[PDB]
Amino acid sequence: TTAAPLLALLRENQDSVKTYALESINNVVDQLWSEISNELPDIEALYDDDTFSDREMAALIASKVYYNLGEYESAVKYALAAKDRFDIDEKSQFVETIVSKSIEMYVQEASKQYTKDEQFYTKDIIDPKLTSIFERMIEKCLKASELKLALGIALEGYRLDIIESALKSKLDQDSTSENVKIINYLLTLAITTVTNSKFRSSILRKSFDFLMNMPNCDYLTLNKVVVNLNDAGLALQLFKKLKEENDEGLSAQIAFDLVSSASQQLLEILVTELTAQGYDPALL
Amino acid sequence: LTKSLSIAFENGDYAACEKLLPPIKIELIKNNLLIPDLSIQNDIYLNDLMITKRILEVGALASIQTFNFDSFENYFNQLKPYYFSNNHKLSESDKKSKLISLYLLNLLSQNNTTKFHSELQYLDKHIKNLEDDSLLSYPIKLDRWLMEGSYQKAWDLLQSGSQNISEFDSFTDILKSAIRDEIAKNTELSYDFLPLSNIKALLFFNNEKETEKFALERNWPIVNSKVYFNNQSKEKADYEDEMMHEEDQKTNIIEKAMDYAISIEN
Amino acid sequence: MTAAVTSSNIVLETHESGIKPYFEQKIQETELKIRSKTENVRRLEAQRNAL
Amino acid sequence: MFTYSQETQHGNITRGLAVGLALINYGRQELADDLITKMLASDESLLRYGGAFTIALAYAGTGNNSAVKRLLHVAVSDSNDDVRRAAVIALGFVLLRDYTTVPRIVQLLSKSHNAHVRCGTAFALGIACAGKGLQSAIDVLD
Amino acid sequence: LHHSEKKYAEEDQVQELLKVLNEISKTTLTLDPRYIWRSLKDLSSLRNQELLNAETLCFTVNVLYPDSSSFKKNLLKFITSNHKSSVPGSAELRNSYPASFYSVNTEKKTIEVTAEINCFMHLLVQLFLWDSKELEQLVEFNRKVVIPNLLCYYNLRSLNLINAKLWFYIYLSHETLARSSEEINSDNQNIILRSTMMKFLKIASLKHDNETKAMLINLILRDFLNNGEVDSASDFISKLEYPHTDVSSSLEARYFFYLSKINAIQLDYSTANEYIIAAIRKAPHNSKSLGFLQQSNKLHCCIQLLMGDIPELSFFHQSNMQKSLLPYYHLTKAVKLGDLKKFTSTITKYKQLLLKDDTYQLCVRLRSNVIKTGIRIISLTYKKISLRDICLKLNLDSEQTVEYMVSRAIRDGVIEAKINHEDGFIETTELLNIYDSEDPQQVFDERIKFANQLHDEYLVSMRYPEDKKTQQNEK
Amino acid sequence: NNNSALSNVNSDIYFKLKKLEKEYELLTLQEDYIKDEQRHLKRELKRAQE
């Protein structure tokens with residue numbers, strides 16, 4: 001067979017003739033794509049018409065043709081311009097490829113704007129529809145019940161809000177021990193993976209806050225965070241929680257690791273600020 | 001519905017058929033849904049396919065006479081997979097030979113022999129042997145006479161077109177002007193000036209005045225009954241040959257020396 | 001090795017199987033660099049050894 | 001520190017201040033970039049020597065692709081024997097996060113004709129592989 | 001007797017098993033496994049024949065089966081159902097060995113590393129069916145199974161090397177059946193055959209494997225040539241994805257043969273030369289390959305002549321292929337002499353032979369070349385001869401005929417003359433020097449670029465064995 | 001089948017590997033800068049012949 005009759009049937013005036021013709025193309029859109037590439041400006045013409053009512057399939061047929069050639073770039077753009085046809089993409093396991101590329105496209109754009117603005121996924125600088133597909137992939141991963149795939153994808157596109165929402169639903173205080181391991185998998189990650197000064201700082205900070213919300217935690221864990229950011233104001237808050245939860249044993253154990261590991265500059269500033277908290281001279 | 005086309009055709013109005021053909025293409029959707037679209041053709045599906053076939057052939061023939069090249073292209077295309085499917089189920093009709101000849105005439109009349117040879121390799125298997133040559137003979141011999149530059153045979157073929165006259169006339173007019181054009185292209189380089197009567201003879205006209213009218217269209221001055229290519233040939237080639245996308249690429253002598261140079265030390 | 005003889009919850013199992021080589025494809029286009037690297041680094045290094 | 005370095009020609013003094021410019025920058029990372037370029041573009045040996053160590057101390061504790069490209073250029077591009085040494089030492093410090101990459105780099109830099117380059121390779125593996133032993137490192141130092 | 005044959009055969013198969021399983025379980029070794037597989041397969045098809053034709057079946061019996069027992073049972077039963085300990089899982093000689101598939105592990109379905117092995121077992125089977133010519137139902141059945149079976153895998157690079165070879169037989173068995181005899185069945189499955197290759201080629205780009213990719217492009221270019229769809233072959237060429245990175249020399253050689261055919265029917269001759277010569281050079285020069293060389297050598301005559309250069313008389317003379325290229329020698333001689341009558345006589349007598357090789361369609365066009373040469377000859381000899389005399393000599397119809405051949409010849413510049421109709425002769429305008437033209441510059445550029453090309457090719461290649469001996473211990 | 005937490009272990013490789021590619025990219029730096037060393041070592045060969 002050849003798909004050339006279907007393209008010829010596009011040219012005829014009735015809308016009814018053309019809508020049927022585009023569907024026939026879809027049966028053999030990756031399976032007989034050769035002619036469609038050459039006569040491609042017709043399918044695009046039908047998208048550009050606003051009186052044509054099967055715009056959505058014309059954008060899809062086009063999308064597919066650009067995917068087959070090797071031209072990933074325009075396949076993604078047309079993906080978002082269909083205005084749907086994302087249902088098709090879940091029911092196609094041989095082309096989740098362009099779904100993947102939509103992630104690539106988000107993460108390059110996200111990283112670009114991160115340096116110049118704190119947020120840009122709230123602003124209209126990034127296209128909302130491209131954003132929607134991104135968050136959709138992160139859910140798919142969690143439909144397989146793996147949190148590991150979801151934090152991975154989220155990290156790149158510099159989303160703090162997804163990272164928080166993910167940790168939070170899988171924290172329920174099943175055990176005190178079990179909440180810490182996930183956070184520690186994350187803390188060590190942000191140190192060795194994200195070399196970005198600003199985004200790394202935000203992640204470490206949200207991990208302090210989840211254990212800080214808990215009434216009982218590994219404080220051992222929290223100590224790592226203090227030292228790497230090399231910030232006295234974090235430790236100052238940690239000792240204040242401990243003031244009202246005091247034990248002769250618990251205090252002494254955190255303090256011994258802390259003075260060893262902490263830097264010289266850090267320790268000078270801190271002993272000043274603990275006097276104003278009213279904390280004991282024994283700590284000092 | 002389908003019978004409206006049928007009676008319109010016999011009557012001799014091909015405008016009536018043309019404008020009336022798109023309402024019928026609504027009914028060609030439904031026809032298509034009855035059959036499996038050539039993944040099997042039984043005698044259950046053959047009577048249903050006969051109508052789809054019957055409507056497409058006869059639309060092709062009306063369109064050539066009313067000069068709708070556009071509509072012609074539609075038919076051309078659709079017709080192909082129906083003839084192509086099976087060795088014989090419904091792949092045999094007299095109008096099959098008829099249409100094959102017209103499609104090919106149409107490829108010559110655009111003056112692009114590339115679309116012709118592509119079609120010719122596709123035709124040479126089943127289709128060409130099955131129908132045999134018996135109007136196929138015509139567009140194939142013609143084309144051959146054009147590779148040769150034997151326009152005496154090519155021009156002669158048009159005349160023998162009279163015997164099968166129906167709608168081959170709508171291409172023959174296009175072909176004459178082209179046959180005359182190919183000769184004029186040749187005459188420029190061959191020689192430079194010729195008496196009026198010898199140019200007439202070559203370009204095929206029965207009157208000296210019709211020769212000078214084709215002169216003015218092809219932008220060539222006959223003065224004192226003599227054509228000149230010493231000016232003209234050089235002029236036309238220059239305006240065309242002026243381009244700014246491969247004229248800054250010629251490959252300099254200087255450029256070639258440099259190019260060699262770096263290959264030796266790298 | 002992956003199966004697709006049986007599927008459950010309306011191709012949920014094999015929806016996940018399809019997207020795991022596509023996640024790793026990002027990493028495989030970077031591995032095609034490292035695979036011409038192995039040949040060219042050993043090539044210029046032996047060149048450096050005769051010098 | 002930079003100005004009084006240019007003005008004096010005293011040998012002991014000038015050495016001290018080029019090192020001091022390197023000292024004060026530590027954990028700066030990508031905020032040492034202006035200082036690094038200026039020093040490595042001075043024609044004095046002393047300011048080139050400390051520039052190598054500006055990259056070392058700043059980009060310590062974190063591995064970078066950048067820091068490595070810039071110090072390989074220094075050893076090759078300068079023919080003064082101390083500047084060649086300084087550039088090798090500096091690789092150790094950046095690369096004490098993953099200290100199992102270090103023998104693999106400096107294997108190459110121990111095939112060197114220049115004895116200074118060879119002498120600095122010792123200190124880099126020293127710095128990386130100080131805290132935990134490594135069996136790969138012994139083979140290079142042999 | 002029958003029991004004996006099975007054990008003797010199975011043992012031989014275990015040896016081969018060991019070699020390939022070690023490679024894939026020790027991480028891909030890429031180029032290396034493709035080399036190992038071909039050599040083992042040549043040995044094995046030949047083996048299959050002697051000592052019973054249940055040789056394939058024995059291997060399936062002592063290994064785990066995700067789906068391999070089912071296929072082997074279908075094949076056996078067809079070729080007369082037989083019981084001799086030949087119902088897979090019957091005989092046990094794995095004995096808790098990871099190699100030969102651990103006993104315990106299989107039940108649970110803990111091990112599932114049969115996949116690649118499965119490709120290979122099928123692969124022997126396709127080839128044994130082909131040698132036999134008991135293709136028919138057996139071949140169609142294998143083909144049935146194997147399409148959902150690859151889509152059940154989410155493929156790996158080692159497995160793509162094997163399925164690139166399965167794909168070779170899958171195209172071919174359809175061709176074999178269709179080539180017996182036109183069947184209504186044949187038509188339905190052609191359109192199917194095209195679709196599936198296309199679809200799989202898109203997946204095999206992403207997995208990033210050269211063998212699956214190159215092979216599929218080749219099968220599809222050949223599919224296009226049979227159906228006369230030059231347009232679909234062109235858009236296909238224009239896809240551009242044909243790699244050179246690791247592709248075998250078998251796949252490139254076939255690749256260039258197709259290129260030569262595709263350009264010549266659409267009226268480009270220039271670019272067909274390079275490839276028809278390239279395609280002879282990549283192909284080796286064996287007796288088992290002689291047939292492929294006969295195909296190339298027939299094509300080399302048309303392609304060369306239409307461009308307007310006469311191919312060696314010598315090349316066809318001093319071959320062993322001289323009898324195949326006997327009608328074709330007679331084409332070359334006709335063109336040379338310029339004699340119309342000769343060329344027409346040739347193509348009538350040998351018409352049945354010429355049609356098979358698909359050189360005949362090119363021959364209709366080669367008619368045109370005969371005529372130009374006849375008048376070319378007259379122009380070189382004779383500077384001034386009346387067009388009256390030219391007509392007599394080549395036996396042309398009128399004074400108008402003789403003019404219009406010569407007139408077209410000079411548009412393309414082949415004769416290069418000027419016609420005078422008012423001085424009653426043709427006068428040659430031949431300068432016939434090219435030493436005081438800017439032309440030599442243009443020739444020497446190609447020669448120099450080719451030479452440097454080779455200097456780099458020596459340099460790159462030289463190092464790699466040197467590196468390997470250095471890795472190995474020596475003094 | 002009857003195995004789960006193959007997805008737990010496969011995802012572990014999905015994290016490790018992202019950072020394991022950064023390591024071998026320093027080994028791609030060796031190729032860039034044995035050009036520099038070799039180029040300059042032609043100059044050092046002219047020094048040794050003096």
# chains A, B, ... in the order shown; residues from 1 in each chain; ligands from 1
>>> closest_atom_pairs(of="chain E", to="chain F", cutoff="7 Å", atoms="only C-alpha atoms", output="Markdown table")
| residue | atom | partner | partner_atom | distance |
| --- | --- | --- | --- | --- |
| E:108 | CA | F:1 | CA | 6.4 |
| E:109 | CA | F:1 | CA | 4.8 |
| E:110 | CA | F:1 | CA | 6.1 |
>>> residues_around(residues="segment 232-246 of chain B", least_positions_apart="5", cutoff="8 Å", atoms="only C-alpha atoms", output="PyMOL selection string")
chain B and resi 188+219-220
>>> write_last_selection(atoms="N, CA, C and O atoms", output="PDB file, in the first residue's frame")
ATOM      1  N   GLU B 188      19.972  26.395 -30.559  1.00  0.00           N
ATOM      2  CA  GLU B 188      20.868  27.373 -30.136  1.00  0.00           C
ATOM      3  C   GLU B 188      22.350  27.051 -30.195  1.00  0.00           C
ATOM      4  O   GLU B 188      23.170  27.804 -30.741  1.00  0.00           O
ATOM      5  N   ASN B 219      12.115  34.835 -27.317  1.00  0.00           N
ATOM      6  CA  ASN B 219      12.943  35.979 -27.142  1.00  0.00           C
ATOM      7  C   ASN B 219      14.104  35.943 -28.031  1.00  0.00           C
ATOM      8  O   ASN B 219      15.218  35.935 -27.482  1.00  0.00           O
ATOM      9  N   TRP B 220      13.879  35.817 -29.309  1.00  0.00           N
ATOM     10  CA  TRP B 220      14.979  35.584 -30.251  1.00  0.00           C
ATOM     11  C   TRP B 220      14.571  36.556 -31.395  1.00  0.00           C
ATOM     12  O   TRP B 220      13.429  36.495 -31.800  1.00  0.00           O
TER      13      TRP B 220
END
>>> closest_atom_pairs(of="chain E", to="chain C", cutoff="9 Å", atoms="only C-alpha atoms", output="Markdown table")
| residue | atom | partner | partner_atom | distance |
| --- | --- | --- | --- | --- |
| E:111 | CA | C:1 | CA | 8.6 |
| E:112 | CA | C:1 | CA | 5.6 |
| E:113 | CA | C:1 | CA | 6.4 |
| E:114 | CA | C:1 | CA | 8.4 |
| E:115 | CA | C:1 | CA | 7.2 |
| E:148 | CA | C:5 | CA | 8.3 |
| E:149 | CA | C:5 | CA | 8.4 |
| E:151 | CA | C:4 | CA | 7.4 |
| E:152 | CA | C:4 | CA | 4.6 |
| E:153 | CA | C:2 | CA | 5.5 |
| E:154 | CA | C:2 | CA | 6.4 |
| E:155 | CA | C:21 | CA | 9.0 |
| E:206 | CA | C:25 | CA | 7.2 |
| E:207 | CA | C:25 | CA | 7.3 |
| E:208 | CA | C:28 | CA | 8.1 |
| E:460 | CA | C:43 | CA | 7.3 |
| E:463 | CA | C:43 | CA | 6.0 |
| E:464 | CA | C:43 | CA | 7.1 |
| E:466 | CA | C:46 | CA | 8.3 |
| E:467 | CA | C:42 | CA | 7.1 |
>>> write_last_selection(atoms="N, CA and C atoms", output="CSV table (one decimal), in the first residue's frame")
chain,number,residue,atom,x,y,z
E,111,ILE,N,15.7,-17.6,37.5
E,111,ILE,CA,16.6,-17.3,36.4
E,111,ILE,C,15.8,-17.2,35.1
E,112,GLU,N,16.1,-16.2,34.2
E,112,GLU,CA,15.4,-15.9,33.1
E,112,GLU,C,16.5,-15.3,32.2
E,113,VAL,N,17.5,-16.1,31.9
E,113,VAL,CA,18.6,-15.6,31.1
E,113,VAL,C,18.6,-16.4,29.8
E,114,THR,N,17.5,-17.2,29.4
E,114,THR,CA,17.3,-17.9,28.3
E,114,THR,C,17.3,-17.1,27.0
E,115,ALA,N,16.6,-15.9,27.1
E,115,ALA,CA,16.3,-15.0,25.9
E,115,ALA,C,17.2,-14.9,24.7
E,148,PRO,N,6.0,-11.3,18.5
E,148,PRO,CA,5.7,-10.9,19.9
E,148,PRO,C,6.8,-11.1,20.9
E,149,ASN,N,7.7,-12.2,20.7
E,149,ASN,CA,8.8,-12.6,21.5
E,149,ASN,C,9.9,-11.6,21.6
E,151,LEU,N,9.2,-8.3,21.2
E,151,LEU,CA,8.5,-7.3,21.9
E,151,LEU,C,8.1,-7.5,23.3
E,152,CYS,N,8.5,-8.7,23.8
E,152,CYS,CA,8.4,-9.2,25.1
E,152,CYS,C,9.6,-8.9,25.9
E,153,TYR,N,10.7,-8.8,25.1
E,153,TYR,CA,12.0,-8.3,25.6
E,153,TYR,C,12.1,-6.9,25.5
E,154,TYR,N,12.9,-6.2,26.4
E,154,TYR,CA,13.2,-4.9,26.2
E,154,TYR,C,14.7,-5.0,26.0
E,155,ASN,N,15.1,-5.1,24.7
E,155,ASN,CA,16.4,-5.6,24.2
E,155,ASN,C,17.7,-5.0,24.7
E,206,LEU,N,17.0,3.7,18.9
E,206,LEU,CA,17.0,4.2,20.3
E,206,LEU,C,17.9,3.4,21.2
E,207,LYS,N,17.9,2.1,21.0
E,207,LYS,CA,18.6,1.1,21.8
E,207,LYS,C,20.1,1.3,21.4
E,208,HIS,N,20.4,1.8,20.2
E,208,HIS,CA,21.7,2.2,19.7
E,208,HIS,C,22.5,1.1,19.3
E,460,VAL,N,45.9,5.5,12.3
E,460,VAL,CA,44.9,5.2,13.3
E,460,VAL,C,44.9,3.7,13.6
E,463,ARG,N,48.1,1.5,15.7
E,463,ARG,CA,48.3,1.4,17.1
E,463,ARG,C,47.5,0.3,17.9
E,464,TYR,N,46.3,-0.1,17.5
E,464,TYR,CA,45.4,-0.9,18.3
E,464,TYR,C,46.0,-2.3,18.7
E,466,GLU,N,49.1,-3.0,19.0
E,466,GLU,CA,50.3,-2.7,19.8
E,466,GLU,C,50.0,-2.5,21.3
E,467,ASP,N,48.8,-1.8,21.5
E,467,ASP,CA,48.2,-1.6,22.7
E,467,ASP,C,47.8,-2.9,23.4
>>> interface_residues(of="chain A", to="chain F", cutoff="12 Å", atoms="only C-alpha atoms", output="PyMOL selection string")
chain A and resi 141-142+144-153+155-156+185-186+188-195
>>> write_last_selection(atoms="N, CA and C atoms", output="short mmCIF file (atom, residue, chain, number, x, y, z; two decimals), in the first residue's frame")
data_model
loop_
_atom_site.label_atom_id
_atom_site.label_comp_id
_atom_site.auth_asym_id
_atom_site.auth_seq_id
_atom_site.Cartn_x
_atom_site.Cartn_y
_atom_site.Cartn_z
N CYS A 141 6.11 7.08 37.85
CA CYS A 141 7.12 6.42 38.63
C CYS A 141 6.68 5.92 39.94
N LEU A 142 5.87 6.76 40.65
CA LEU A 142 5.18 6.49 41.83
C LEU A 142 3.99 5.61 41.60
N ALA A 144 4.30 2.76 39.78
CA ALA A 144 5.13 1.62 40.13
C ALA A 144 5.58 1.51 41.52
N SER A 145 5.37 2.51 42.43
CA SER A 145 5.55 2.50 43.92
C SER A 145 6.99 2.68 44.18
N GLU A 146 7.77 3.42 43.39
CA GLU A 146 9.16 3.71 43.66
C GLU A 146 9.32 5.23 43.71
N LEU A 147 9.88 5.63 44.88
CA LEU A 147 10.08 7.00 45.26
C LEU A 147 11.41 7.51 44.72
N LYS A 148 12.37 6.53 44.50
CA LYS A 148 13.70 6.68 44.02
C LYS A 148 13.78 7.23 42.63
N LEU A 149 12.87 6.74 41.73
CA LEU A 149 12.78 7.26 40.35
C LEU A 149 12.24 8.70 40.34
N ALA A 150 11.23 8.94 41.21
CA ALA A 150 10.57 10.26 41.32
C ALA A 150 11.47 11.40 41.84
N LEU A 151 12.28 11.22 42.96
CA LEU A 151 13.25 12.24 43.46
C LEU A 151 14.34 12.53 42.38
N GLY A 152 14.88 11.47 41.75
CA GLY A 152 15.78 11.58 40.67
C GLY A 152 15.43 12.59 39.61
N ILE A 153 14.20 12.40 38.93
CA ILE A 153 13.65 13.26 37.84
C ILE A 153 13.43 14.64 38.32
N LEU A 155 14.80 16.42 40.68
CA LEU A 155 16.02 17.15 41.09
C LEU A 155 16.55 18.07 40.03
N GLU A 156 16.56 17.53 38.78
CA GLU A 156 17.09 18.13 37.61
C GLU A 156 16.31 19.33 37.23
N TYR A 185 19.79 9.73 52.61
CA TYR A 185 19.95 9.39 51.22
C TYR A 185 19.92 10.60 50.32
N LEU A 186 19.10 11.56 50.83
CA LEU A 186 19.04 12.90 50.21
C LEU A 186 20.10 13.88 50.54
N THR A 188 23.34 13.41 51.57
CA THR A 188 24.55 12.92 50.93
C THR A 188 24.43 13.16 49.45
N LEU A 189 23.23 12.95 48.86
CA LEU A 189 23.01 13.25 47.43
C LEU A 189 23.27 14.70 47.00
N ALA A 190 22.76 15.70 47.81
CA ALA A 190 22.81 17.07 47.37
C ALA A 190 24.24 17.58 47.42
N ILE A 191 25.10 17.02 48.32
CA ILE A 191 26.51 17.33 48.48
C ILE A 191 27.26 16.85 47.25
N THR A 192 27.00 15.60 46.73
CA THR A 192 27.90 15.03 45.74
C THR A 192 27.29 15.23 44.29
N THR A 193 25.97 15.62 44.19
CA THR A 193 25.33 15.67 42.88
C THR A 193 25.15 17.10 42.40
N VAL A 194 24.37 17.88 43.22
CA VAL A 194 24.16 19.27 42.88
C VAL A 194 25.35 20.05 43.34
N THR A 195 26.10 20.65 42.39
CA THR A 195 27.25 21.51 42.57
C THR A 195 26.79 22.98 42.60
#
>>> interface_residues(of="chain D", to="chain A", cutoff="12 Å", atoms="only C-alpha atoms", output="list in words")
residues 27, 28, 29, 30, 31, 59, 61, 62, 63, 64, 65, 97 and 98 of chain D
>>> write_last_selection(atoms="N, CA, C and O atoms", output="compact mmCIF listing (two decimals), in the first residue's frame")
# COMPACT_ATOMS: atom_id res chain seq x y z
N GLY D 27 37.48 27.60 49.86
CA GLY D 27 36.07 27.25 49.95
C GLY D 27 35.28 28.26 49.18
O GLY D 27 34.07 28.21 49.11
N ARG D 28 35.94 29.22 48.53
CA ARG D 28 35.42 30.20 47.64
C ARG D 28 34.82 29.54 46.44
O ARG D 28 33.73 29.93 46.06
N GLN D 29 35.49 28.48 45.87
CA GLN D 29 35.15 27.75 44.63
C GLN D 29 35.18 28.67 43.44
O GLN D 29 36.29 29.05 43.11
N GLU D 30 34.01 28.99 42.89
CA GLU D 30 33.75 29.73 41.71
C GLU D 30 33.79 31.20 41.99
O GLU D 30 33.42 31.86 41.06
N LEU D 31 34.27 31.67 43.17
CA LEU D 31 34.47 33.04 43.52
C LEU D 31 35.94 33.40 43.58
O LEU D 31 36.33 34.54 43.87
N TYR D 59 39.17 25.04 45.50
CA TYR D 59 38.40 24.04 44.86
C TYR D 59 38.66 22.75 45.53
O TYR D 59 38.29 21.69 44.94
N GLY D 61 37.91 19.94 48.32
CA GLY D 61 36.78 19.37 49.11
C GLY D 61 35.65 19.12 48.26
O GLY D 61 34.61 18.66 48.72
N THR D 62 35.80 19.51 46.97
CA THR D 62 34.78 19.36 45.97
C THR D 62 35.51 19.13 44.69
O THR D 62 36.49 19.85 44.36
N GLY D 63 35.18 18.10 43.99
CA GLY D 63 35.77 17.83 42.68
C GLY D 63 35.09 18.61 41.58
O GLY D 63 33.90 18.78 41.63
N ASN D 64 35.88 19.12 40.62
CA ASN D 64 35.46 19.86 39.50
C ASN D 64 36.18 19.40 38.29
O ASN D 64 37.30 19.03 38.43
N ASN D 65 35.50 19.45 37.12
CA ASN D 65 36.04 19.21 35.82
C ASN D 65 36.88 20.33 35.39
O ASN D 65 38.01 20.11 34.89
N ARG D 97 37.99 14.04 47.45
CA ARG D 97 36.64 13.53 47.65
C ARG D 97 36.62 12.14 47.14
O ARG D 97 36.23 11.25 47.86
N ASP D 98 37.11 11.96 45.86
CA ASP D 98 37.25 10.68 45.31
C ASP D 98 38.72 10.72 45.14
O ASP D 98 39.27 11.50 44.37
>>> select_by_dssp(residues="segment 201-402 of chain E", states="helix (DSSP H, G or I)", output="ChimeraX atom specification")
/E:201-207,210-227,230-237,249-265,272-282,290-307,313-317,326-337,340-349,351-357,360-381,387-394,399-402
>>> interface_residues(of="chain A", to="chain C", cutoff="8 Å", atoms="only C-alpha atoms", output="short mmCIF file (atom, residue, chain, number, x, y, z; two decimals) with C-alpha atoms, in the first residue's frame")
data_model
loop_
_atom_site.label_atom_id
_atom_site.label_comp_id
_atom_site.auth_asym_id
_atom_site.auth_seq_id
_atom_site.Cartn_x
_atom_site.Cartn_y
_atom_site.Cartn_z
CA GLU A 90 0.28 6.43 27.68
CA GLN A 93 4.98 1.96 24.98
CA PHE A 94 7.20 2.24 21.73
CA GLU A 96 7.36 7.15 25.45
CA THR A 97 10.57 8.47 23.85
CA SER A 100 11.42 11.54 27.86
CA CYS A 141 7.12 6.42 38.63
CA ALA A 144 5.13 1.62 40.13
#
>>> closest_atom_pairs(of="chain E", to="chain A", cutoff="10 Å", atoms="only C-alpha atoms", output="CSV")
residue,atom,partner,partner_atom,distance
E:151,CA,A:94,CA,9.6
E:190,CA,A:1,CA,9.5
E:191,CA,A:1,CA,6.6
E:192,CA,A:31,CA,9.7
E:194,CA,A:31,CA,8.0
E:195,CA,A:31,CA,4.9
E:196,CA,A:31,CA,7.2
E:197,CA,A:31,CA,8.3
E:198,CA,A:31,CA,5.5
E:199,CA,A:31,CA,5.5
E:200,CA,A:31,CA,9.2
E:201,CA,A:68,CA,9.5
E:202,CA,A:68,CA,6.6
E:203,CA,A:94,CA,6.9
E:205,CA,A:70,CA,9.0
E:206,CA,A:97,CA,8.5
E:229,CA,A:2,CA,9.6
E:231,CA,A:35,CA,8.4
E:232,CA,A:34,CA,6.2
E:233,CA,A:34,CA,8.8
E:234,CA,A:34,CA,9.0
E:235,CA,A:34,CA,5.8
E:236,CA,A:34,CA,6.8
E:238,CA,A:69,CA,9.0
E:239,CA,A:69,CA,5.7
E:240,CA,A:69,CA,7.9
E:241,CA,A:70,CA,8.0
>>> atom_distance(atom1="atom CA of residue 33 of chain E", atom2="atom CA of residue 54 of chain E")
26.1 Å
